[PDB]
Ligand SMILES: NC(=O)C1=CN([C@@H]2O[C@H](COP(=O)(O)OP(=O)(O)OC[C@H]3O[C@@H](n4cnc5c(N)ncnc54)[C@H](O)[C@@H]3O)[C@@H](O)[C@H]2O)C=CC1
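Just the one chain here, the form solved without the ligand, laid out as structure tokens.
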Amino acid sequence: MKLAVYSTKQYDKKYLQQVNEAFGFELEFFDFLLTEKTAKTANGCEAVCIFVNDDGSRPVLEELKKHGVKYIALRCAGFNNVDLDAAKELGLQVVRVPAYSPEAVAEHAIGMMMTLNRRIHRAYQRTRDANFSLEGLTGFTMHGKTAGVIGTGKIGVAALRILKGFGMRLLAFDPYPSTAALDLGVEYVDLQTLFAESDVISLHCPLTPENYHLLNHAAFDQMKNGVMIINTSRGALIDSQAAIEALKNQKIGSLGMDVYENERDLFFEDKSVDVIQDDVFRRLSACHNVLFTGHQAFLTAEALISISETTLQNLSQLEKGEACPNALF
């Protein structure tokens, strides 16, 4: 079975090749986006593997079918990229990443927190040139502080586990309180309490129409001066204009954000008939204790191996049968 892989990054290739040892496919790696124009490159491949920015609508799918491709595989969860009606109709079998790694994500959140806290990113900038000055690097001791987690699904609980290790007082907000969280000693509270009492706040929840801009001006008003905020969840959970103001006011002490790729563009705000919006990343990073990562939360070897492992197992079946539920039918 021959698989064409689009939007390939070096990490994608490394892990796919390693996982492929136990499936045996012939792999062809392309660094470029799958588009209507590039679909033809798949010719000769029974299948293609795509990621969040690849184009999966009918026009692309038509080209693929024309070129003999049967199976499409997302190394991925987000599908706003693909036009799913067509595939079934075109006789084209399909999939995504159902399982994902909660620990990788939680750990990333913690890592962002610690880096910000101890200003380790800044320290590195200095010490890489043998500048050992400590001015401006002072952090806070975690132990005995209060941590507020918004959302107690697997990721949120994984985070709480770590925060418990730090010896923090643990608070949480979730509409659906979890035994797993209670067993850790977490106290579930309303948002207002969480905002009021938390030294560190971390978002681990899905975006809903209800929680759009959950962290807004009113919310910031409730928080402690110098509060640390981490968002490895969707960008829309935070009103960016309000966060910017709160940073300027010094209400927010530190802010860490893992930026989703198709939110990067709409990230954001002011511009005067200027200046969309890499400028915001630059300014905040320079002027505040603000740290951005580029949707990096799942970027560990173990997490990547898991994504790969499956991707191959699915195709191997498809190359012959199963439910899948690789398959989205």
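Start at 1 with the first residue shown and count on from there. Rigid core here is just the name for the largest C-alpha set that superposes within 1.5 Å across the two forms.
The protein also exists as the form deposited with the ligand bound; that form is not presented, and the subsequent description refers to it.
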*Among 116 to 124, 83 to 91, 206 to 214, 192 to 200, the region lying within 4.5 Å of the ligand in the deposited bound form by heavy atom distance*: 206 to 214
*Just one of 165, 139, 175, 226 has a heavy atom within 4.5 Å of the ligand in the deposited bound form. Which one?*
175
_Within 4.5 Å, heavy atoms only, which of 264, 67, 288, 295 is in contact with the ligand in the deposited bound form?_
295
_Interface membership of residue 151, the ligand in the deposited bound form, 4.5 Å heavy atom rule_ = yes
*Distance check, residue 186 to the ligand in the deposited bound form, heavy atom within 4.5 Å*: no
*asked:* Test of understanding: in the deposited bound form, would residue 100 fall inside 4.5 Å of the ligand by heavy atoms?
replied: yes
*Quick one: does residue 239 come within 4.5 Å of the ligand in the deposited bound form, counting heavy atoms only?*
no
*Neighbours of the ligand in the deposited bound form among 242 to 260 [non-hydrogen atom within 4.5 angstroms]*: 258, 260
*Does residue 304 move its CA by 2 angstroms or more between the shown form and the other one when the core is aligned?*
no
*asked:* Is residue 264 displaced by at least 2 Å at its C-alpha between the shown form and the other one when the rigid core is overlaid?
replied: no
*Regarding residue 84 and residue 211, go with closer or farther for their CA spacing in the deposited bound form versus this form, the difference being 3 Å or more.*
closer
